[PDB]
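What follows is a single structure, written as structure tokens, with notes after it.
Throughout, read-outs are computed from the coordinates displayed, never taken from laboratory work.
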Amino acid sequence: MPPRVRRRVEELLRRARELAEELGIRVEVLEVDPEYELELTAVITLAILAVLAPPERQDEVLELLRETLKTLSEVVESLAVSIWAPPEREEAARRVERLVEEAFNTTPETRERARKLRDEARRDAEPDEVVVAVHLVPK
Amino acid sequence: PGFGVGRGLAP
């Protein structure tokens with residue numbers, strides 16, 4: 001909510017969409033609560049980009065996601081991230097999950113409520129697509 | 001809901 005937080009997240013998201021096209025990676029935010037569009041969009045885009053980016057380019061994305069999570073830590077009490085990834089991009093998805101847990105201890109319940117929405121998008125997703133579902137509770 | 005989902009594809 002703080003306009004400062006919006007400005008930084010909007011900026012981190014704009015860097016995220018720059019890098020995504022620099023790498024040729026496509027993210028489609030299927031669904032998001034409009035009350036928290038920018039927050040969810042930035043986490044979903046960065047988490048997706050970090051799983052799909054080349055390994056040598058992943059730290060810069062992971063760095064962006066760390067910055068986003070630290071800023072969102074002022075407007076988000078807890079955040080959960082659930083990822084499905086192709087076999088060749090599983091460790092990358094683990095680094096995203098570790099980064100979110102370091103920033104917000106994931107906890108089992110909201111981790112499984114996100115996995116459900118993840119699995120709901122997995123029913124329509126392609127076998128080689130990364131699916132990221134995110135749950136947040138505002139401060 | 002506080003929920004949001006998206007997906008991604010690599011080049």
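Report the percentage of all Cα-Cα pairs in segment A:1-78 whose separation exceeds 17 Å, rounded to a whole percent.
39 percent
Report, as a whole number in µm² per second, the diffusion coefficient that Stokes-Einstein gives for segment A:3-138 at 20 °C and 1.002 mPa s using the Kirkwood radius over alpha carbon pairs.
Rounded, D is 147 µm²/s.
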